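**Q** Structure provided below as structure tokens; questions to follow.
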Amino acid sequence: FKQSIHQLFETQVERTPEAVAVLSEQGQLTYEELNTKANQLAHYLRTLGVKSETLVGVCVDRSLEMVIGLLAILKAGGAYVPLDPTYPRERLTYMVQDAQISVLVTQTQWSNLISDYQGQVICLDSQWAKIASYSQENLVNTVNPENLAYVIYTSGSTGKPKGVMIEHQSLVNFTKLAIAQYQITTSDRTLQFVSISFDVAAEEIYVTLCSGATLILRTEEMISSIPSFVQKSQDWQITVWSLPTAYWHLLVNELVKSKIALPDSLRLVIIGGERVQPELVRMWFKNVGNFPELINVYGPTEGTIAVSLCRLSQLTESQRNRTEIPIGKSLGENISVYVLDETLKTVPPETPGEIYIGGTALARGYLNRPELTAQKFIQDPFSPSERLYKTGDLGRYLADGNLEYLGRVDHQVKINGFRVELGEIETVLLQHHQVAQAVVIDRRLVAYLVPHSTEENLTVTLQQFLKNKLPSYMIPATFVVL
Ligand SMILES: Nc1ncnc2c1ncn2[C@@H]1O[C@H](COP(=O)(O)OC(=O)[C@@H](N)Cc2ccc(O)cc2)[C@@H](O)[C@H]1O
């Protein structure tokens, strides 16, 4: 039963055309309108040469336009590549060249964001009268499940980011499994929180839209204070929150310090992205109790958003009084989450080892990084038709069957929720004329360096240098010398 993510969306549109698909502070779209507008744009893209396996850059901001754009690119048969407008010009230009993007779906306010850009550009804000002249009908057969849906960049330890290539089939599998796992229904209202730079945005978007619920797009201003976040969520009657762990940590502190009530519509809170602090888990249970439901979700971008989950509100008191909160069990039967030793053998329960993913969840690979792909995406020695992804994460299965996350073997970390390779930062500082050798460590980032020639504005200088190359969260707050 072959399916693309947009076909899944198209089935829902057919079921509930008049339901509200997407709401922002500025306007809303029904399923039918979202669909017809995405089709107009997709037909336009097809006339720009977009077809299966074509990478299309997306540099939009969180808005109805953004959702139209993503869906249109998928319907046209292309794969989208998020280009985060907050990244420096040099980084975005690099990704555009690396990926060979020749179509860019953007907005006039982000013009001049790519250096030397020679391809086709569509500005959704200024060119909508033209896109309105294209067909409103669903496109047929533009893609197969093994075709790409998105290529998303993540931090690279050798000094540049690399694209993780996700096929429709893994994404459709994730989406189907997640809807059933979360029990999403046509009554739910999901807050879209994270930038499309994080694969978690796809969770929020496609889980919502392919189940018939209402996607509610946040503003920048609503997250800067927890009370505003909660109150706005209450005004919106939000039923599902999807939160980066570091943000939920903040939220828990604030809930209790203050005497803030959760929205009465909220039924489910999904968290992930890093190790949840058992103490804050205990504090959530003491002050909030078992409703809303709280779920800890785990996985790398390379396993299509998530591969496991643990329902924290279903844990016993003593399962929660441990020092590690579990990441749980596989999202589904066709996804394997192994703890293996160094010869790729499974180990007895409660023995630590490295986490490997198998089955439907796997990315195709890294884009234009054959050596890195071969090293991470390994042929399964005991199942030769299949691959395993080496997560770099240490874990162990408990006797009760739940997986525990035990840390990293390497120097990847999370800074303010964002995936960071410390070697990326290290590798980039080296390129500067007055840096001879360098080491960056957490925690949160502190840089350690031996200059060629010191001078007393080296902190502000090296930060200026990094500001034009790396995202701001990769910029160490402090530096150290000797
Ligand atoms: N829950 C949990 N605990 C401990 N460590 C976690 C974790 N989730 C993810 N990690 C760590 O982050 C790495 C993967 O980083 P990523 O490729 O940036 O992607 C993600 O974190 C998300 N794809 C996970 C996720 C899914 C769904 C959801 O609602 C929120 C988050 C892992 O290798 C691990 O180190």
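As shown in the structure tokens, the chain order sets the letters A, B, ...; within each chain, residues go from 1, and ligands are also counted from 1 in the order they appear.
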Tell me, as a PyMOL selection string, which residues lie within 6 Å of residue A:103, counting only C-alpha atoms; anything in the same chain fewer than 6 positions away does not count.
**A** chain A and resi 56+119-121
**Q** Could you list, as a ChimeraX atom specification, all residues that come within 6 Å of ligand 1? Count only C-alpha atoms and all ligand atoms.
**A** /A:199-200,242,244,270-275,296-301,305-306,327,391,393,405,419
**Q** Just the residues within 12 Å of residue A:368, please, counting only C-alpha atoms, with nothing from its chain fewer than 2 positions along; format it as a PyMOL selection string.
**A** chain A and resi 95+97-100+151+153+161-165+364-366+370-374
